[PDB]
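Participant: Got a structure for you, questions after.
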Amino acid sequence: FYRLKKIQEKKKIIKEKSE
Amino acid sequence: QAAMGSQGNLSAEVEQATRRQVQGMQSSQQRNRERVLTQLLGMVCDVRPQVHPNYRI
Amino acid sequence: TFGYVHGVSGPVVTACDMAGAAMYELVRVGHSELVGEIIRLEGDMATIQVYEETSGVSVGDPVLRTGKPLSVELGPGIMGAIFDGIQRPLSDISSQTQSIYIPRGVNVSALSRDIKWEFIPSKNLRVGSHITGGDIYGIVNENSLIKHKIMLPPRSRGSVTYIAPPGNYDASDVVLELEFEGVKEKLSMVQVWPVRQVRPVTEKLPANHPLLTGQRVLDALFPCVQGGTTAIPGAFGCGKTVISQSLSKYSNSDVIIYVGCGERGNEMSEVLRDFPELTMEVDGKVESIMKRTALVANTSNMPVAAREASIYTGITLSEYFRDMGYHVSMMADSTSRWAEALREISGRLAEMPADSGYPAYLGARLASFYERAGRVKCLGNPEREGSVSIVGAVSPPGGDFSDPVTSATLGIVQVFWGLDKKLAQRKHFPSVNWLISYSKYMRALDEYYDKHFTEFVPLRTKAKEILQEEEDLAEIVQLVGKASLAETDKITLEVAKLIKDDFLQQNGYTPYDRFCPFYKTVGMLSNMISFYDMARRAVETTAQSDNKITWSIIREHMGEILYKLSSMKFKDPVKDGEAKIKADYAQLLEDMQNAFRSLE
Amino acid sequence: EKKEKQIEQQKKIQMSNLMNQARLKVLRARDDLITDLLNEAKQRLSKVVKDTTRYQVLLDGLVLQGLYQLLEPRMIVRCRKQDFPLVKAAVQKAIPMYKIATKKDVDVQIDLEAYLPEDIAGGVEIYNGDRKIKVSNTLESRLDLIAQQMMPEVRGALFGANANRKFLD
Amino acid sequence: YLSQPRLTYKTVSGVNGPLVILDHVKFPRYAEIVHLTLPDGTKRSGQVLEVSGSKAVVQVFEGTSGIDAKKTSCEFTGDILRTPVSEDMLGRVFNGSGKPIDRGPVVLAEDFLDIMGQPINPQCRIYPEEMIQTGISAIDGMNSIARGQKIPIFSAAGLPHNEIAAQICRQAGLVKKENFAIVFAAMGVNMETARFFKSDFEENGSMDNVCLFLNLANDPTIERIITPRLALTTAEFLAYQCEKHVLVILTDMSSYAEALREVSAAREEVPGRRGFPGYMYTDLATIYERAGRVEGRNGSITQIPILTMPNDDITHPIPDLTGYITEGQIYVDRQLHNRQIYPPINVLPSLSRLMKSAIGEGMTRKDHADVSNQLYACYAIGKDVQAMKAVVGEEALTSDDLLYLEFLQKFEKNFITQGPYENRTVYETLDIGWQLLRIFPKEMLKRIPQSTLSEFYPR
Amino acid sequence: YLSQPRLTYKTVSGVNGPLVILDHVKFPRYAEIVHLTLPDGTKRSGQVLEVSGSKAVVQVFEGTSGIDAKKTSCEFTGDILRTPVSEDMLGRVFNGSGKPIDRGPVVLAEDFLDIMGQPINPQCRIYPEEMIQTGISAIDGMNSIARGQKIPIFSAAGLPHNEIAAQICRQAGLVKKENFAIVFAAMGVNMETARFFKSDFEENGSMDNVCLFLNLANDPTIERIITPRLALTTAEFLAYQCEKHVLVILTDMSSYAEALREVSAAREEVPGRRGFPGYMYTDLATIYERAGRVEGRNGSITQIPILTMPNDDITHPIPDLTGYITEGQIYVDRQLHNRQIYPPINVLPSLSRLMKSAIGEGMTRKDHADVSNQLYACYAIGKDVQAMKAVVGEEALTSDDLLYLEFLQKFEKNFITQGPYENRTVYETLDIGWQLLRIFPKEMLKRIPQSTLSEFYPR
Amino acid sequence: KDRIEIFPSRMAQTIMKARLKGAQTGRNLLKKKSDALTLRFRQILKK
Amino acid sequence: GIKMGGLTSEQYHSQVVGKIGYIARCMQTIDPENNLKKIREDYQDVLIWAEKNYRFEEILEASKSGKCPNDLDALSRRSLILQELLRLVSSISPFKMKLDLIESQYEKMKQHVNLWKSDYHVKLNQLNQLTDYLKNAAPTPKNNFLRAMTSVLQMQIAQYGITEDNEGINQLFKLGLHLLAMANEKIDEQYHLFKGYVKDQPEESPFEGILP
C-alpha cells in the first residue's frame, strides 16, 4: 500500500508539472 | 471534635502564615520595582532595527 | 455564499471560487443540494467529500456554503422522532413526500417549524438581568413525561433585553434577546452544536448511583452506574433484546436514546417496529415509550458519513438532554458497524491503515467517544446535575475478541455484560455468561449500598464465590459423579443450581417478573445465601464423628424450605407491596433457620 | 478503627487541601504583583509617548524596524490618527535608510482611512501591499514581547534568586 | 424531457486503456452517457467517470481499439443512465446493458428510473412476514426464506450453484395455502452456462414470470457493474409500483466484485484489503439492501445472492463482507457433491435468521417450526453417531444409535436428495420430515411438544 | 533575547489533514512555533515540520477543524517551543499543553528550556550505583530498581498497573540501611484514572512534591506527543539544575505511540511494523533517554514509563522498541491477576539491566545475586513442569518434579503476593527467597556456589 | 517450538488451516475413543 | 487553555457572573420584602453587586480583575443552598412559612456536608413530584385524594420544615407517593388507601382549614 500510494502521488506531481 | 478544632486553628495558622508570606513578598518587591521598571522600559524604548541575517544583497 | 463545481472524480467534488471556507465545513453541492464536507483546501479551491451519489453533478454547478460544520439541531420536537445519522427526520421525509425512498438531496429541517409549542418563561428573569451559558429561561411542554428545558446556548452570555411572554411559539420565532458588549443576539428555541465538539460542563463528577435495570443478573453480580460505560456482545442468538427492552422500559433514567450505526435493513425495521409498541406505567397511567425516547436509524446502505457520524449524533443528543439535568441512557446497537464505516472512509481517503486494516486513530476515537459519558454538574445557575450512560454493543466479524474494535472497546468500558448463545439454546435468559462478565464499578457503589442496603455487598461477594466454585468443581464432578465428593461441595453445587435457576434466570414474559425491584433482588439473594451458610454449618459442625448431617438429610428433612426459596421469584411487586414481600422473606428466613435448628 | 481511619484520613487530607490552597493563594498574589508592575510600565510608556522629542525618535526607529522585517516593495503604515504628523516624519526619514540597508526601492504609504484604536499608547503597524503580511510594532506589543522574555530576570530582581539552583544548563 | 440538441465533440486529448480523455467539453456531467463513432463507422457506448474542468474522461464499455485522437466523435446525451422499465419486460431476456437478446423489440417503457436509485427510508420498512417457498426441501423445511429477507448461497468453485439457481427459478413461488415474479441476473457467466439459463427457463414454461439479465464473461466489465443495478431497478418497479412479490437472484457476486476492482483501477484508486476497493462494503450494501417490504404497499423484494468462495475460505473479503450484511446463509458443500447428492446443501452450517417469522400457522403449517428443529438435532446426532461408529464398530452401538444411523441414511436419500425436476412444496417437505421422524419412538423426539406429536406423529 | 517584532500572515496556501501549509513566509525556520487565530477568535498553535523556500508546513496541536484559507491569521514566534520552567512547578497541575489547570497562575519562569532537550554527553554521564527500595519483593529481589534506571511496567488493559505505579510513588525509598520529586504525565487516560492518581498523591500527603501534566482521552491527540517532553523538561530542570532527585512516570506510553502513528500516517512517513513510523525507535529514545545521573551533580532522574501491551502481545512494536531502549521491564500479566494476586508481577519474562551493579556487598547483602538467579531457575522450571503435567498427568511426575510445583505454588503466594500496603525491605525479601529455596536439597540449587549455600542454606 | 516455522504465505494459510482441521478432527475422534473405553472400563468395574 | 474544571478562561468568569446575578434574583424572589436579614448577610458579598447596571461587561471585568468573589466552587455550594431554600417555600406556596423557621431551615441546610445528596434534597424532590403532577390533572378520585393529601403535606411542611424530621410528614410522603404510583384503572385500592390515611391521621378532621 505504501509504495502504491507514493507511486500515485509521484504520478500526480508529474501531471502537475506538465500543466 | 478535638481533631476538627485542631484542623480549624491549623487552617488559621495556614491562613496566618500565608498572610506573612504575602506581605513579605510585597515588602521585598517594593525595593526593586523601580529598578526593574527602568531596566524594562529602556529595553522597550531602544528599538534596535535590523535586517534579517539571511537577507542577500 | 456560493461557489462553483470545478470537477468530479467520483464521490469527491472539487470546488472553485470557494476561498472563504473552513475545513469540515458543510456544503450543498449542485442543484439537488447534495450534502458533503470540505476536507482538503488549496488556494480558492476546496475538495468536497459528498455523502450521497454524485451522478448528474455538472461542472459549473453551484455549491452553497453553510457556515456551521457537521452539527446537530437541538430544540423542541426532538423527542419521539427518528433521525438519520446526520440529523434528517425520517418520519417527516416519509410523510412529507408520500414516497418510500429518501430523496437524493433531501432537505427536511431537523425540527419542524409548523408546530406551535407551549412555552412558559422561567418567571425569574427580567429585562436587564444577567444570563450566562447553560441558564434556563423557560420550559416547553412537549408531553406528560419530559419537560423540554430551553437553555442559553453554550459560549453565549450577556444582559437580557427581551423575554417572550408565555404563549404559543414555533421554532422560528424569537424567545429571548441578549446583548453582550453592544452585540445583540436573537435566540429561538433551537440551538445548534457541532457534533464533534464536547458540550462543556461545570465539572465531571464520580458516578455513584446504580443504574437500576430490571434484571437480577446484570445488577446483583455485575452493576452498572449512571454515567458509566459498558459493552454488550451483539450476536443473532445472544438475546440482546432483553437488555434493550429492560433498559429502555424500566430503567430509572429519564431519557432513552437508541442509536443505529449501520445494521441490516430488516434489523432496523424490527427496532423501529418494536420501540413504538413499548409502554411503561408512570403515574398509574400506561404511556408510550416514545414520549421519553429519541431514536437514530442507520442501515448498512446509508451514506458512510451518516453511519460514521451516527454515533456522535446520538451522544450529542444525549449531552443536550444531560445539560437539562436529566439522566440519559444511550445504546449503540453496534459499534462494530460504526468502526466499519470509519474504516471505509479512511480507505476512501487513501489513509495509511493500521491494525487489521483499521485506521491508526481507531482507539483514539473510541476513547474520546466513551470519555464523553459520565455524571456531571451542569452549566448554568440552576445548579442541576445529570448523567449520560453508554451501553454500546460490539459485534466483530467471527465473534472473536482479537478484532481491534472489540479489544479497544473492552479496554475502555468499565463493565462488560458478556452474553452467550449456549444459554439461549438451553432457553436460559437473560443469556449472561457469568465467568466472562465483569464490572469495575463495584467500589464506586460501595457508598450507595452501605447507605441504603448494608448487607448487599457481602452477599454478592458470596454469590460470586458460590457460582465460581460450581465451575471449579465441574472437573471433579465429571470424573467422580458426586460419589467421592464432600457434602459441603454437594451444598455448593445444588445451591449454585438454585441460584442459576431461581435467581440469575428471569422470565420477562411473565407479569410478575417484568421488573425486579432492588429490594427484592437482595431479598432473594439474602435468603438463598443465608440458607447456604446454615447448610454449610449444619454439615461442618456435625462432621466430626458418630452422628453427622449430610446434604441428603438436609434436602429430605426440609424440602419445603428449599421449595419456598425457589418460590420467592413469584412475589409480584405490583400486587404485594414492599412490606408484604419483605415480611414473607423474613418469615422464610425464620422458618429456614428453625428447620436447621431441628438438626442440632 | 474504621472511624479512626476516616477521621485520621480527613485530618491529613484536609490539611493537604488547606496547604495546597495556601500555595495557590500566595502564587496568585505573586502574579498580581507582576501584573501591577506591567500595568505601571504601560503608564510609564504612555508618559514617554507624550514627550514629542523622544516619541518621534521611537517612531523613527519603529517604522524603519518594521520595514526591514517585511522587505516588501509596497508598504502601508497604520497608526492612530493623533500621531500621524510624527509617523509621516518617521516614514520620510526611514526610506532613505531603507534604500541603503536593503538596496531595494520601496513604496511606503500611510493609510489615511484606517487607523489604530485611540486607546493604543503609541507606535505603528505596517502592512504589505495586499494586507496579508503585517508586523505589529506598537508599544503594548513591544512591552509584552520583551517582558515575557525578561520575566526570568524580573522574577529574581523582585523576589530574589532561587537558592537551590546551581547550574544554568 | 430535455428538448436540447446534443453536442458531438471531435476534440480528444488522448486515450489510455479503457478511457478516452476529451477536451473543450461544455458543462459535462459525472456519470453522463455518451456515444462514440469511430472512423470505421463503428459505434461504442461509454460513461463519463471524471470531469476535471473541460477535460471529461469517459470509460468506453467496449474495447478502445481503433479509437484515434483526430476523427473519433463523441456524442453527449446530456443525461445519466436511466433504464426503461415496464411490466411487459417480464418474460424478456436482456444483456448487461439492458438491450434485448431474445430477438424481441426494445422495451416500450412505462417510465425511466435512475439505476442507482435511493435507499429505502427505514421508517417505512416492514419486518418480513410470510414465506416464499423455493421447491427445494433442503431450504424449505430447514432454512426457509422469509418474504423480505436476503439470504446468500455460498459455494466453492465447481459446485452446482448455477443448477440450483436455475432450479429455484423454475420451482419457486408462493405457498398457495399470479402476483409473483423472479428477476435473475448472472454476472460474468460463460457462454455455456448462459445458454443453460436461457434455454432451461424457456423450455419449462417458467419464462412468463422471469426477467433474465445475462452479463457474459466476455462482455464489457463495466456493464457487469450496472447489470445488478438494472435487475434491481426492474425489481423495484415491479415490486413496489405494481404490487407484486419479486424474487431477485444475483448469481456469481464474486465475478461482480472482480469487475468492481477493475473499475477502481481505472480510477487509479489505491487498492484496499486483498486488492479490493475500500468501499466494497458500501457498494455491496447498496445492492443488497434495496429489498424488503415497505409500509402501505403489498409488494416485496427478496434476494438470494450466490457467491463463489475463493479457495473455499469463508474468511475471504467477498463472502465475509456479504455475510456481515446478510441474514444467514444456505451454504453449498463439496463432500455432498462428491457423494453425488443433489442438491449438495449442508444443513448443519446453514442458518436462516428470519425462519422464526417465515413459518408457522397462517403462513405454512402449524408443525413447521417443530419439525425443522427436530430434524436438525437428529441429523447432527446421526453425524455424531456415524463418527462414533467409525471408531467403535457396529457391534458396540445400542438401539438408539442405530435408529440415528437409519435416520441419517434416509434423511439424505429422501429429504436432501431431490433431483432438478421434482418440485416439493412446503407441505410435502414437512410430510417427508414426519416420515423420517417416525423412525424414532415419541420419547426420543425431545424438541417437539407433546401437543404437536399427538396431532401429527401418528398415521 | 529576540527584540524584533514577530510577523503575522494571512497567506495560508491550503490545509491537508492536520497540516496547514503557509506560503509567502519570510525566511521560514524549521521547528518553530506558530500561533494562529481562527475566524471565530479561537486561538491554536502548531509547529513547523517542514520548510521549503517561501512555504512552511504547520502541524496544529488542537486540530485543523475550522481552519480557514482566507481569514486565518498566523504569527511566527521566531523560536522553537521553549517552555517556562520554575522550581515551584511542584504542587501544580498542568494540561498537556503546559498551561495550568489548577486555577493558579501561569508559570513564572526561572528560565526557558528547549522542549526537545539535548543529549547528555556520555563522557559525563555517570553509571548508576544506588538502589531504590520499592518495597515490592517481586521487584526489589529479582529485578531491582537503580536510581537513574529506566524501568517501564509492561501491562495490559484492565490490569492494575495504575495501582502499582501509585504504590511505588509512596513507598519508594533506599536500601541504605529521602523525598523524591514526582513528575507524572497522565496522557491518553480517562478522568477516573487521572483523578485516581491526583487523589492518591494528596492522600499520601506528598502533593507539594508532585507535578502533574494531564492530557485526557477527550483532549487533542497531537498534544499527547509533547506531554512527555514537558514532564521530562521540568524533570531535567529539577534534577540537573537544582540537584533534586526526580521520579518521572509516563502513563500508558501506548497512547503516545498511537498519537505518533496518527501523525506518521498524516505526513505519509515510511511505516515499520503495525503502521508505526520507521523512526519510532529514535523518537522513543528522545523520550526515554532523558534519565540517569550526571557526574558532578547530586540530582537524578528515574523513569517508569508504564505501557499497555495491545492484545498482550509482548512483540508488539510498542513494548518491543521500548524493551530495546529501557533497562528491562517489570511486566504484569493476566494469569496472576485472574487469580487475585497483587501485585500481579510475573518475574520470568522480566529483567533489570542495572540490577547486577545494584545488588551485593556494599549495596544490599552479599547473597542477593545468588538468591535471585536460583529463584529464576526454580520458578522457570516449575512453569516447565506444569506444561508437562498438563498432558502426562500427576502420576507421570517424580519427586524431582513435585518439588518445583511446591516451590512454584509457595513462591507466588509468599514472594509475589503482598497487597497494596505491604512494604517489605530488600533484606526481608531475600530471607523469604531462602525460605522458598530451602524447599530443594543442596544438589538441586545449581546456580548458587557452595561458598554461599554453606552459610545461608542451613537457616 | 512456539511455531511450525513456515514462511508467511497464502499457501501457508491453506496448509495450516487444513492442518488445524485435521488436528481438531483427530482430537474429537480420539476423545470418543477415550469415552468408549471409559464406559467399558467402568462397566467392567461394575461387573 | 486554562481549563479550570470544565470551563475555559472566558467560560469560567461568565459562569461566575451568572451565579452572582442568579443569587441576587433568588434573594429578591424568596424574600421580596428583605425580612430575612441574617440570610441576606450571608450573601452580602454577592448582593452588593445587585441594584447596579453593569451591562454584564463591567461585572465580568470585576470578576476577571478579582474584585468579585469569583471562586466557582464556593458559589456553586452557596447558590445551591439558597435555591433549595427557595424550593422549600415555593413548593408549599399555598401556605406561609414562619420567618424563624425559614432561617432555621437555612442554617441546617448550610451546615450539611453535601446538600445535594442530603435527605432534605430528596424530600424536596418527592414534594415537587407530588405537586407538579397536580398542576395539570383531571378530576378523578385519585387526583382528588392526592390533592387533599398534598395540601395537608404542604400545610405541615410550612409548620415543621424538612430538616426537622417528623414521622407524620414522612408517613404522608410515603402514602402520597404510593397513591400516585397506584394504577389509574384500579379504584378500590386507591379508595382504601385514602380512607386508611384519613382514619389513621392523629387528628379528627385532617382537611378542615387546610383546603377550600
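By order in the C-alpha cells, chains are A, B, ...; within a chain, residues start at 1; ligands start at 1, following the order shown.
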Identify, on the basis of only C-alpha atoms, every residue whose closest approach to residue 22 in chain D does not exceed 10 Å; exclude the query and any residue fewer than 3 positions from it along the same chain; express the result as number ranges by chain.
Facilitator: B: 11, 14-19; D: 16-19, 25-28
Participant: For range 584-599 of chain C, please output as JSON, numbers by chain all residues within 12 Å (counting only C-alpha atoms; exclusion window: fewer than 5 positions along the same chain).
Facilitator: {"C": [519, 520, 521, 522, 523, 524, 525, 526, 527, 528, 529, 530, 531, 532, 533, 534, 535, 536, 537, 538, 539, 541, 542, 547, 548, 549, 550, 551, 553, 554, 555, 556, 557, 558, 559, 560, 561, 562, 563, 564, 565, 566, 567, 568, 569, 570, 571, 576, 577, 578, 579]}
Participant: Among range 99-130 of chain H, which residues does DSSP mark as helix (DSSP H, G or I) when it is run on the backbone? Keep the chain and numbering as in the structure and answer as an MDAnalysis selection string.
Facilitator: chainID H and resid 99:110 115:117 119:130
Participant: With N, CA and C atoms retained, could you export that selection as a compact mmCIF listing (two decimals), in the first residue's frame?
Facilitator:
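Output contents, as saved in part-v5.txt:
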# COMPACT_ATOMS: atom_id res chain seq x y z
N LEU H 99 -41.02 33.05 59.44
CA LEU H 99 -39.68 33.54 59.16
C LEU H 99 -38.63 32.87 60.04
N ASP H 100 -38.96 32.61 61.30
CA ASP H 100 -37.99 31.96 62.18
C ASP H 100 -37.69 30.54 61.69
N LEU H 101 -38.69 29.85 61.15
CA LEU H 101 -38.45 28.51 60.63
C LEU H 101 -37.65 28.56 59.33
N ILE H 102 -37.88 29.57 58.49
CA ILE H 102 -37.08 29.68 57.28
C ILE H 102 -35.61 29.85 57.63
N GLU H 103 -35.29 30.71 58.59
CA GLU H 103 -33.89 30.87 58.97
C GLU H 103 -33.33 29.59 59.59
N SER H 104 -34.14 28.88 60.39
CA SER H 104 -33.67 27.63 60.97
C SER H 104 -33.36 26.62 59.88
N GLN H 105 -34.27 26.48 58.91
CA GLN H 105 -34.06 25.54 57.82
C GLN H 105 -32.84 25.93 57.00
N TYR H 106 -32.64 27.24 56.80
CA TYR H 106 -31.46 27.72 56.09
C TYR H 106 -30.18 27.27 56.79
N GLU H 107 -30.08 27.52 58.10
CA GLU H 107 -28.84 27.18 58.79
C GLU H 107 -28.58 25.68 58.77
N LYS H 108 -29.63 24.86 58.95
CA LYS H 108 -29.44 23.41 58.96
C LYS H 108 -28.99 22.89 57.60
N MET H 109 -29.51 23.47 56.52
CA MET H 109 -29.02 23.12 55.19
C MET H 109 -27.60 23.60 54.98
N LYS H 110 -27.29 24.82 55.40
CA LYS H 110 -25.95 25.37 55.21
C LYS H 110 -24.89 24.51 55.88
N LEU H 115 -25.11 19.03 50.49
CA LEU H 115 -26.55 19.24 50.50
C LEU H 115 -27.25 18.51 49.36
N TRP H 116 -26.63 18.46 48.18
CA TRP H 116 -27.27 17.82 47.04
C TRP H 116 -27.66 16.37 47.32
N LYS H 117 -26.90 15.67 48.15
CA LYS H 117 -27.16 14.25 48.41
C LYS H 117 -27.87 14.05 49.74
N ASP H 119 -30.89 14.04 52.67
CA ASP H 119 -32.31 13.70 52.74
C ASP H 119 -33.19 14.91 52.49
N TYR H 120 -32.73 16.11 52.87
CA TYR H 120 -33.51 17.31 52.59
C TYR H 120 -33.76 17.46 51.10
N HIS H 121 -32.72 17.27 50.28
CA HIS H 121 -32.91 17.36 48.84
C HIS H 121 -33.88 16.31 48.33
N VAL H 122 -33.75 15.07 48.79
CA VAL H 122 -34.64 14.01 48.32
C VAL H 122 -36.08 14.32 48.71
N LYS H 123 -36.29 14.76 49.95
CA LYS H 123 -37.65 15.07 50.38
C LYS H 123 -38.25 16.18 49.54
N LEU H 124 -37.46 17.20 49.21
CA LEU H 124 -37.93 18.25 48.31
C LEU H 124 -38.20 17.73 46.90
N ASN H 125 -37.39 16.82 46.39
CA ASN H 125 -37.72 16.21 45.11
C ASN H 125 -39.02 15.43 45.15
N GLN H 126 -39.29 14.70 46.23
CA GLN H 126 -40.56 13.99 46.33
C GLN H 126 -41.73 14.97 46.41
N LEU H 127 -41.54 16.09 47.11
CA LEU H 127 -42.60 17.08 47.18
C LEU H 127 -42.92 17.64 45.80
N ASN H 128 -41.90 18.00 45.03
CA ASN H 128 -42.15 18.54 43.70
C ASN H 128 -42.79 17.50 42.79
N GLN H 129 -42.44 16.23 42.95
CA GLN H 129 -43.10 15.18 42.18
C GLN H 129 -44.60 15.19 42.43
N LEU H 130 -44.98 15.25 43.70
CA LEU H 130 -46.40 15.29 44.07
C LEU H 130 -47.08 16.59 43.69
Participant: Within 9 Å of residue 38 in chain D, counting only C-alpha atoms, which residues show up once you throw out same-chain ones fewer than 4 positions away? Write them as a VMD selection string, please.
Facilitator: (chain B and resid 37) or (chain D and resid 33 to 34 42 to 43 143 to 144 147)
Participant: Go ahead and write the residues just picked, N, CA, C and O atoms, as an mmCIF file, in the first residue's frame.
Facilitator:
data_model
loop_
_atom_site.group_PDB
_atom_site.id
_atom_site.type_symbol
_atom_site.label_atom_id
_atom_site.label_comp_id
_atom_site.auth_asym_id
_atom_site.auth_seq_id
_atom_site.Cartn_x
_atom_site.Cartn_y
_atom_site.Cartn_z
ATOM 1 N N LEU B 37 11.530 48.571 36.581
ATOM 2 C CA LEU B 37 10.848 49.391 35.588
ATOM 3 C C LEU B 37 11.841 50.134 34.705
ATOM 4 O O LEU B 37 11.662 50.184 33.482
ATOM 5 N N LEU D 33 1.373 40.926 41.702
ATOM 6 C CA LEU D 33 2.470 41.884 41.814
ATOM 7 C C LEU D 33 3.155 42.087 40.466
ATOM 8 O O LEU D 33 3.519 43.211 40.095
ATOM 9 N N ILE D 34 3.334 40.999 39.718
ATOM 10 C CA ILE D 34 3.903 41.101 38.376
ATOM 11 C C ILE D 34 2.991 41.921 37.468
ATOM 12 O O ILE D 34 3.451 42.783 36.707
ATOM 13 N N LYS D 42 3.167 50.183 31.436
ATOM 14 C CA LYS D 42 2.324 50.721 30.370
ATOM 15 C C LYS D 42 2.078 52.213 30.566
ATOM 16 O O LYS D 42 2.147 53.003 29.612
ATOM 17 N N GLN D 43 1.768 52.617 31.798
ATOM 18 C CA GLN D 43 1.568 54.039 32.061
ATOM 19 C C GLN D 43 2.868 54.819 31.898
ATOM 20 O O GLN D 43 2.857 55.955 31.401
ATOM 21 N N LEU D 143 6.109 45.844 24.765
ATOM 22 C CA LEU D 143 6.187 45.634 26.205
ATOM 23 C C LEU D 143 5.983 44.171 26.557
ATOM 24 O O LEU D 143 6.742 43.612 27.352
ATOM 25 N N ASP D 144 4.968 43.533 25.980
ATOM 26 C CA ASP D 144 4.750 42.123 26.289
ATOM 27 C C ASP D 144 5.816 41.251 25.643
ATOM 28 O O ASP D 144 6.335 40.325 26.278
ATOM 29 N N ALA D 147 8.842 41.802 27.885
ATOM 30 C CA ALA D 147 8.611 41.432 29.275
ATOM 31 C C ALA D 147 8.501 39.924 29.435
ATOM 32 O O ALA D 147 8.987 39.364 30.422
#
Participant: Give me every strand (DSSP E or B) residue in range 81-138 of chain C, going by DSSP on the backbone, as a short mmCIF file (atom, residue, chain, number, x, y, z; two decimals) with C-alpha atoms, in the first residue's frame.
Facilitator:
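Generated output (states.cif):
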data_model
loop_
_atom_site.label_atom_id
_atom_site.label_comp_id
_atom_site.auth_asym_id
_atom_site.auth_seq_id
_atom_site.Cartn_x
_atom_site.Cartn_y
_atom_site.Cartn_z
CA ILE C 82 -36.43 9.10 14.26
CA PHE C 83 -33.34 10.70 12.75
CA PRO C 89 -36.09 13.31 10.25
CA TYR C 101 -37.29 6.41 -0.64
CA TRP C 117 -45.16 24.92 21.19
CA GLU C 118 -46.46 25.84 24.62
CA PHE C 119 -43.65 27.91 26.12
CA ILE C 120 -43.58 29.18 29.71
CA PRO C 121 -40.75 31.55 30.72
CA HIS C 130 -27.55 38.87 33.65
CA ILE C 131 -27.72 35.44 31.95
CA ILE C 136 -32.67 28.03 31.68
CA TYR C 137 -35.04 30.81 30.66
CA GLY C 138 -38.21 28.81 30.02
#
Participant: Quick one: distance from CA of residue 15 in chain G to CA of residue 30 in chain G in Å, one decimal?
Facilitator: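 Interatomic distance here is 22.2 Å.
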Participant: Find the residues near residue 207 in chain H: any atom within 12 Å, counting only C-alpha atoms, skip ones fewer than 5 places away on the same chain, and give them as a ChimeraX atom specification.
Facilitator: /H:145,147-156,197-199,201,212
Participant: Rounded to one decimal place, report the CA of residue 28 in chain E-CA of residue 8 in chain E distance in Å.
Facilitator: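 Taking CA of residue 28 in chain E and CA of residue 8 in chain E, their separation equals 12.1 Å.
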Participant: What's around residue 434 in chain E at 10 Å? Count only C-alpha atoms, leave out sequence neighbours fewer than 6 positions away in its own chain, and write the answer as a PyMOL selection string.
Facilitator: chain E and resi 367+371+374-375+428+453+456-459
Participant: Give me, please, the distance in Å between CA of residue 12 in chain E and CA of residue 69 in chain E, quoted to one decimal.
Facilitator: 5.0 Å
Participant: Against chain C, which residues of chain F fall within 6 Å? For each one I want the closest pair of atoms and the distance in Å (one decimal), counting only C-alpha atoms, rows by chain and increasing residue number, as a Markdown table.
Facilitator:
| residue | atom | partner | partner_atom | distance |
| --- | --- | --- | --- | --- |
| F:13 | CA | C:43 | CA | 5.5 |
| F:14 | CA | C:42 | CA | 3.9 |
| F:15 | CA | C:41 | CA | 5.0 |
| F:16 | CA | C:40 | CA | 5.0 |
| F:65 | CA | C:23 | CA | 5.3 |
| F:66 | CA | C:22 | CA | 4.9 |
| F:67 | CA | C:22 | CA | 5.1 |
| F:68 | CA | C:22 | CA | 4.1 |
| F:70 | CA | C:20 | CA | 5.8 |
| F:157 | CA | C:411 | CA | 5.0 |
| F:217 | CA | C:368 | CA | 5.1 |
| F:218 | CA | C:368 | CA | 4.5 |
| F:262 | CA | C:360 | CA | 5.6 |
| F:265 | CA | C:352 | CA | 5.3 |
| F:274 | CA | C:354 | CA | 5.8 |
| F:275 | CA | C:354 | CA | 4.9 |
Participant: Leaving out residue 53 in chain F and any residue of its chain fewer than 5 positions from it, which residues lie within 9 Å of it when counting only C-alpha atoms, given as a PyMOL selection string?
Facilitator: chain F and resi 23-28
Participant: Which residues are near residue 64 in chain D? Cut-off 12 Å, only C-alpha atoms, ignore same chain within fewer than 3 positions. Put them as a ChimeraX atom specification.
Facilitator: /B:47-51 /D:57-61,67-71,75,77,87,89-102,106,108,123-126,135,137 /F:4-5
Participant: Please, could you write that set of residues out with C-alpha atoms as a compact mmCIF listing (two decimals), in the first residue's frame?
Facilitator:
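Final output, saved to part-v3.txt:
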# COMPACT_ATOMS: atom_id res chain seq x y z
CA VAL B 47 14.27 49.94 19.10
CA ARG B 48 17.37 48.35 17.50
CA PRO B 49 16.33 47.98 13.85
CA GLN B 50 17.95 45.10 11.97
CA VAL B 51 17.83 43.24 8.67
CA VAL D 57 12.67 59.24 17.86
CA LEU D 58 10.93 55.99 18.82
CA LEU D 59 8.70 56.29 15.76
CA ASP D 60 11.70 56.93 13.51
CA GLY D 61 13.10 53.59 14.63
CA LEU D 67 10.11 47.93 7.17
CA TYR D 68 13.21 45.74 7.49
CA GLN D 69 11.14 42.79 8.68
CA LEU D 70 8.72 42.81 5.74
CA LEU D 71 11.17 43.53 2.87
CA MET D 75 4.28 49.19 2.50
CA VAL D 77 1.85 52.23 7.66
CA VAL D 87 4.60 58.93 11.65
CA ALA D 89 8.19 62.24 9.52
CA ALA D 90 9.23 58.75 10.68
CA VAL D 91 8.48 57.39 7.21
CA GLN D 92 10.18 60.27 5.39
CA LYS D 93 13.42 59.69 7.33
CA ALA D 94 13.11 55.89 7.11
CA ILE D 95 13.04 55.43 3.32
CA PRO D 96 16.50 56.94 2.53
CA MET D 97 17.85 54.46 5.07
CA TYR D 98 15.83 51.52 3.78
CA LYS D 99 17.12 52.04 0.25
CA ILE D 100 20.68 51.85 1.62
CA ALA D 101 20.44 48.90 4.02
CA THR D 102 18.49 46.66 1.61
CA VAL D 106 10.14 50.54 -1.53
CA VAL D 108 5.77 53.34 1.55
CA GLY D 123 3.56 53.04 17.78
CA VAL D 124 2.68 51.74 14.33
CA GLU D 125 1.71 48.61 12.46
CA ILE D 126 2.91 48.05 8.90
CA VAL D 135 4.13 43.49 11.55
CA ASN D 137 5.26 47.19 16.48
CA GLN F 4 12.48 42.07 16.62
CA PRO F 5 8.68 42.16 16.18
